[PDB]
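Report on one structure; see the data block that follows.
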Amino acid sequence: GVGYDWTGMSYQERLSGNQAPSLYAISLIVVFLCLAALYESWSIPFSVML
Amino acid sequence: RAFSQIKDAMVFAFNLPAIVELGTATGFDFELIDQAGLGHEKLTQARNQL
Amino acid sequence: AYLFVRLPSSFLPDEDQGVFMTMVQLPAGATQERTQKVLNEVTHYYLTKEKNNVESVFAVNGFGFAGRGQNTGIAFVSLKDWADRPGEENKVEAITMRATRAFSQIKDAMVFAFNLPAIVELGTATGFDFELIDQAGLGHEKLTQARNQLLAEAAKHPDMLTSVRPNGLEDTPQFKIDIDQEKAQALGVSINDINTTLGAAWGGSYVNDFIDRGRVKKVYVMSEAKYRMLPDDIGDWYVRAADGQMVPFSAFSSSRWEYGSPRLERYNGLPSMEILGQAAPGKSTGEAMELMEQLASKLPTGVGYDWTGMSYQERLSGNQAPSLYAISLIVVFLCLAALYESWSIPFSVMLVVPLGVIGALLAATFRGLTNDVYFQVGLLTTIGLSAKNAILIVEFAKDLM
Amino acid sequence: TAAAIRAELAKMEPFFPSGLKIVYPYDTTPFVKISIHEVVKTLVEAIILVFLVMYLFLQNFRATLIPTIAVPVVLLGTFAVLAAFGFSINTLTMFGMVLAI
Amino acid sequence: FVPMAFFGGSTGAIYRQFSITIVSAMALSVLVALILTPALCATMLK
Amino acid sequence: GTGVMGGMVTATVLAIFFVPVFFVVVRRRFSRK
Amino acid sequence: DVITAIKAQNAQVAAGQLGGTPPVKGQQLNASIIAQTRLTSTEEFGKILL
Amino acid sequence: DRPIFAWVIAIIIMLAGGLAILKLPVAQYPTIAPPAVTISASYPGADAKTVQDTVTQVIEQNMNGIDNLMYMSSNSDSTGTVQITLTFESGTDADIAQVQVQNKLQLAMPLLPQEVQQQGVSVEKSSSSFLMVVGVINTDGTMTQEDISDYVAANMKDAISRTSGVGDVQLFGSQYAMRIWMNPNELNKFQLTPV
Amino acid sequence: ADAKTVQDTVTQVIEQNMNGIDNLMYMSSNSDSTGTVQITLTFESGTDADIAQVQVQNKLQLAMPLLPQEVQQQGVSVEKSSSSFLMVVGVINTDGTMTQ
């Protein structure tokens, strides 16, 4: 009969983690796209995205 | 240094964290709860044990 | 148009939930002992002769809708999955049917078992909820009579039928202790001392709070049930005087049985009893409410009428089906000339629409059913998608012109 | 709600003593878990029924792919413009999504 | 479609539970089968 | 969807040739003016 | 003495019930008890004893 | 018009479209409620006629100047309880039609007997329907009705009523109280009174 | 009053009435020996500082008379928190010293 809880601290739900991988995931899907708007194909999406 | 060096009672001198509060960088704030309905004295011991 | 007026409308249809509940109610001031006898007789049915449909019975005694009391009680029912009960005979549709039959068939007290109306509340389909108000400031007894008089003429119409019943009706005999103020003041007892005795010993008293193994809880003083079961127990209660000795009841009190209401109700700051009714197997609302309007108008002064259910307020199919297609029509008729021009096209399509609306009332009638708010969306897509069949041959052709 | 009435209930399960098995005599959740699973049905076998009936009439995988690549975009787009501005985001709009399908 | 958005009061917005969306479908269908579809036609076809 | 599929066969068989559709660019455009 | 005797006579009190909440197994009738009630007229106020 | 775009517009409206399906779980309905705000008072032991005159009528008297409002109903019961449900216009503000009703009661509060105060009084939002009934039953050393309903309140209920958008939690039973069951004869013997 | 009393007599009575407050994240308390206690209801980032204010006040408005009449008239207040100051403005004396 002791349990545990956090309030500080323990966010709640934020920080760099969970707000740095899914950030550049939805950034990437955008980044990769319209590197073909007037450029076309998968020809440009590697000439810049990396 | 000078305060904590020699004194009968504890003294700090923190810096204002550039906001209202919450989430320093690597900090945490734990909390231990009386769940089953034990005594305050019975709780404080588990606090000491932790 | 004939297949239309004959086909009744539909609100949002009474749909099965995979869970339903019953309704238990007892007569004039029954005990917690007598209602449990009925709840056990209900919890039995679902567990004995309906094992393959009923998952759980959550019988609650003392609950009941329209208010709690030692006279009500209701039971919640969980049903055995969805695939575990194949046929119509196996689900809420008719599970309630024998339940309503078996309960009401033989019983000393009334029992129902309704189905959850697929929402929170308000507006079934053809339902009504009347309310009779004390306007001039008559007595509650003088009001209840006009309530009975209205229930007398309304039920007097099985022709142009209705089904009307009130709420928590009763008016059960309540025991009145009549304290003689001057007889008590004579023999040394304080009035703010007898009432505390009669109050705390029979009703109970919230004295103070106390801590129980971690948290603050209540301290109630009431007294053993042995000495508060019957009117004769009032006598053997003793109250101390200024002399320093015990004067009992009856020596200063009077014992009388008298009628009173267990549930008084008020609509908008005025004393008002509620009456719940029906439409008729033939006519619905528009006339079911209309005849009810002046059944109250043809009785005792200071009575009035009001509705809350039900009576919307301002909605339904009416007023939200003619003006709907009026502003739909003005739009429909227009831009049947956007790139088509003139009044040439506004008849090549705007009245091609009654092809789709044909059945529709064939599908809605010759398949049982009734015109609902998905018919009132399907009837509305069989208009626009029919245009890509109509305005896409008048345009697909006339572009040859 | 509802996903969180269970939330507290989930964390107080271990501190329970002898014989505290929490049951569910009455719950609404089941059907909203189904009022999605039964309309994904009338969407998937709608799509299956879509690139069929195309092999009849027009014929060919290389031509039946075109009218079927359009259907995710319109559906995905419709539950995006529910939130838009200051209106919807519901079921019945997902049940009635099928009538618009 | 749309205009049912000037509805009643307790049948809340059941006709706006969609005179739109079948417009959020139609106009989006009008546009999705406008921007796309011609582009999907003359690519892999014949 | 019963009002749709029914509202279909009554406007996919009774519209395709029957009554209106066809009396539309012909009977309803002119015949008068 | 006028005031004190007014609220003493013109009073509405909440008494218990015949066959209350925790009953005796075999209790048949359940009825509410009415003791004093609020005086409603000028005549009843005139009869308030001092 | 040409190719490599459009498909990207179809990449959006599906990703941005599927970002709005991340609304999982998402509700069943469409809220179709002319909103209900209920006030609940409880005079313990008092009859139906008293609780009408002493609390019900006093509350209704103070219901002036509440924005919108459709009607006002009451249920003065013999159990010594009454609820007043103020119904508002479909889509008013469940949060603003709440505080006014509370702040009309806040001037009728001390006109109610101090027996009825401390015995509750509360204003909340209504539905009349339940999402979940969660039965805590015993399958070992049987605790019993009174023992269980106390525990479910002294361990569970507090965490519910104060969480994710709960209107009101009607628990099935009651938490413990120090009950003092008086005896009038062992009370007469020592010249004592329940007072 | 001591720390143990102010927990049982006011702190626990207030916390008992915290049911049905929209949103809410957690609830902390500080029953002190000085005879004071603060209950901080924390809400979701960007709720409504004006609507999350009135509900908390109107849950206390049914726990008000359950508190001793020694503690009432001695304040009770509900406000918005920051834990930080914009300005400290010291009024000091530089003549006929007034005193603390």
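Just one residue in the set H:99, H:116 is over 30 Å from residue C:17 (Cβ atoms), hydrophobic (A, V, I, L, M, F, W, C) and in a helix (DSSP H, G or I); that residue is H:99.
Any residue at all in the range D:41-48 that's exposed (fewer than 12 other Cβ atoms within 10 Å of the Cβ), more than 30 Å from residue C:17 (Cβ to Cβ), more than 8 Å from chain H (Cβ to nearest Cβ) and free of Cβ contacts under 8 Å to residues at least 12 places away in the same chain? Yes, the range D:41-48 contains a residue that is exposed (fewer than 12 other Cβ atoms within 10 Å of the Cβ), more than 30 Å from residue C:17 (Cβ to Cβ), more than 8 Å from chain H (Cβ to nearest Cβ) and free of Cβ contacts under 8 Å to residues at least 12 places away in the same chain.
A quick yes/no check of all residues on (1) surrounded by fewer than 15 Cβ atoms within 10 Å (Cβ to Cβ); (2) without any contact (Cβ under 8 Å) to a residue 60 or more places away in the chain:
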residue	(1), (2)
C:220	no, yes
C:246	no, yes
C:249	no, no
C:257	yes, no
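Among the residues here, residue C:121 does not qualify as more than 14 Å from chain H (Cβ to nearest Cβ) and either closer than 20 Å to residue G:33 by Cα or free of Cβ contacts under 8 Å to residues at least 40 places away in the same chain (or both). Residues in the range C:26-58 that are among the charged types (D, E, K, R) and part of a helix (DSSP H, G or I): C:33, C:34, C:37, C:41. Here residue H:124 meets each of (1) part of a strand (DSSP E or B); (2) closer than 14 Å to residue H:42 by Cα with one exception, condition (2). Of all residues in the range C:305-320, at least one satisfies being more than 27 Å from residue E:16 (Cα to Cα), touching a residue at least 60 places away in the same chain (Cβ under 8 Å) and not small (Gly, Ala, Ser).
If you go through the range I:26-39 and keep only what is surrounded by fewer than 17 Cβ atoms within 10 Å (Cβ to Cβ) and closer than 23 Å to residue H:123 by Cβ, you end up with just I:27. The set of residues in the range H:143-195 being of a type in the set (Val, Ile, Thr) and in a loop (DSSP other than H, G, I, E, B) consists of H:144, H:152, H:163, H:166, H:169, H:193, H:195. Considering only the range C:250-257, I want to know if a residue exists there that is in contact with a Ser or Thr (Cβ under 9 Å, 6 or more places away or on another chain), more than 20 Å from residue C:159 (Cα to Cα) and facing another protein chain (nearest Cβ under 9 Å). No. Can you name the residue in the range H:44-81 that is more than 9 Å from chain C (Cβ to nearest Cβ) and within 18 Å of residue H:120 (Cβ to Cβ) and, of all such residues, is farthest from the chain's Cα centre (by Cα)? Out of the qualifying residues, it is H:50.
When the range H:88-104 is filtered for residues that are surrounded by 16 or more Cβ atoms within 10 Å (Cβ to Cβ) and more than 8 Å from every other protein chain (Cβ to nearest Cβ), the ones remaining, listed by number, are H:88, H:92, H:94, H:97, H:100, H:101, H:104. Of all residue pairs spaced 6 or more apart or on separate chains, those with beta-carbon atoms under 8 Å, a first member in the range I:83-95 that is farther than 30 Å from residue B:21 by Cβ and a second member that is among the β-branched types (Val, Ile, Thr) and assigned to a loop (DSSP other than H, G, I, E, B) are I:93/I:99. Taking the listed residues H:168, H:158, the one that is under 20 Å from the mean Cα position of the chain (by Cα), surrounded by 16 or more Cβ atoms within 10 Å (Cβ to Cβ) and within 14 Å of chain I (Cβ to nearest Cβ) is H:158, with no other qualifying.
With respect to the conditions (1) within 30 Å of residue D:38 (Cα to Cα); (2) surrounded by 15 or more Cβ atoms within 10 Å (Cβ to Cβ); (3) within 22 Å of the chain's Cα centre (by Cα); (4) in contact (Cβ under 8 Å) with a residue 60 or more places away in the chain, residue C:79 falls short on a single one, namely (3).
Residue C:66 passes every criterion in (1) surrounded by fewer than 17 Cβ atoms within 10 Å (Cβ to Cβ); (2) among the small types (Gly, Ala, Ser); (3) more than 21 Å from the chain's Cα centre (by Cα); (4) away from chain D (no Cβ under 14 Å) apart from (3). The set of residues in the range C:146-198 that are in contact with a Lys or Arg (Cβ under 7 Å, 6 or more places away or on another chain), more than 7 Å from chain G (Cβ to nearest Cβ) and within 30 Å of residue C:246 (Cβ to Cβ) contains only C:178.
The residue that is nearest to the chain's Cα centre (by Cα), counting only those in the range C:1-19 that are surrounded by 13 or more Cβ atoms within 10 Å (Cβ to Cβ) and farther than 19 Å from residue C:123 by Cα, is C:19.
Just one of the numbered conditions (1) aliphatic (A, V, I, L, M); (2) closer than 15 Å to residue C:191 by Cα; (3) within 7 Å of another protein chain (Cβ to nearest Cβ) is not true of residue G:31: (2). Only residues that are in a loop (DSSP other than H, G, I, E, B) and at the interface with chain F (Cβ under 7 Å from one of its Cβ atoms) were counted in the range C:352-373, giving 5. Only one entry of D:3, D:10, D:84, D:63 meets the criterion of being more than 7 Å from chain H (Cβ to nearest Cβ) and under 30 Å from residue H:171 (Cα atoms), and that entry is D:10. Do the conditions hold for residue B:32, that is, is it within 14 Å of chain A (Cβ to nearest Cβ) and over 16 Å from the mean Cα position of the chain (by Cα)? Criteria not met by residue B:32. Scanning the range C:381-401 for residues that are out of contact with any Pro (no Cβ under 8 Å at 6 or more places or on another chain), closer than 13 Å to residue C:350 by Cα and crowded, with 16+ Cβ neighbours inside 10 Å yields C:382, C:383, C:384, C:385, C:386, C:387, C:389, C:391, C:394.
Mind checking whether some residue in the range C:250-266 is over 27 Å from residue C:144 (Cβ atoms) and not hydrophobic (A, V, I, L, M, F, W, C)? Among the residues of the range C:250-266, at least one is over 27 Å from residue C:144 (Cβ atoms) and not hydrophobic (A, V, I, L, M, F, W, C), which makes the answer yes.
Whether any residue in the range C:205-227 is at the interface with another protein chain (Cβ under 7 Å from one of its Cβ atoms) and more than 30 Å from residue H:153 (Cα to Cα) is what I want to check. Yes, because at least one residue in the range C:205-227 is at the interface with another protein chain (Cβ under 7 Å from one of its Cβ atoms) and more than 30 Å from residue H:153 (Cα to Cα). For the range E:2-46, the set of residues classified as closer than 30 Å to residue H:1 by Cα, under 11 Å from the mean Cα position of the chain (by Cα) and either touching a residue at least 40 places away in the same chain (Cβ under 8 Å) or not in a helix (DSSP H, G or I) (or both) consists of E:20, E:21, E:22, E:23, E:24, E:25, listed by residue number.
Here's the yes/no breakdown for (1) among the acidic types (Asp, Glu); (2) away from chain E (no Cβ under 14 Å); (3) not in a loop (DSSP other than H, G, I, E, B):
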| residue | (1), (2), (3) |
| --- | --- |
| C:265 | yes, yes, yes |
| C:272 | no, yes, yes |
| C:275 | no, yes, yes |
| C:286 | no, yes, no |
| C:311 | no, no, no |
| C:318 | no, no, no |
| C:328 | no, no, yes |
| C:332 | no, no, yes |
| C:338 | no, no, no |
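All of the numbers you see were taken from the coordinates with simple rules; none came from a lab. Neighbour counts run over all protein chains shown; Cβ positions are idealised from the backbone, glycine included.
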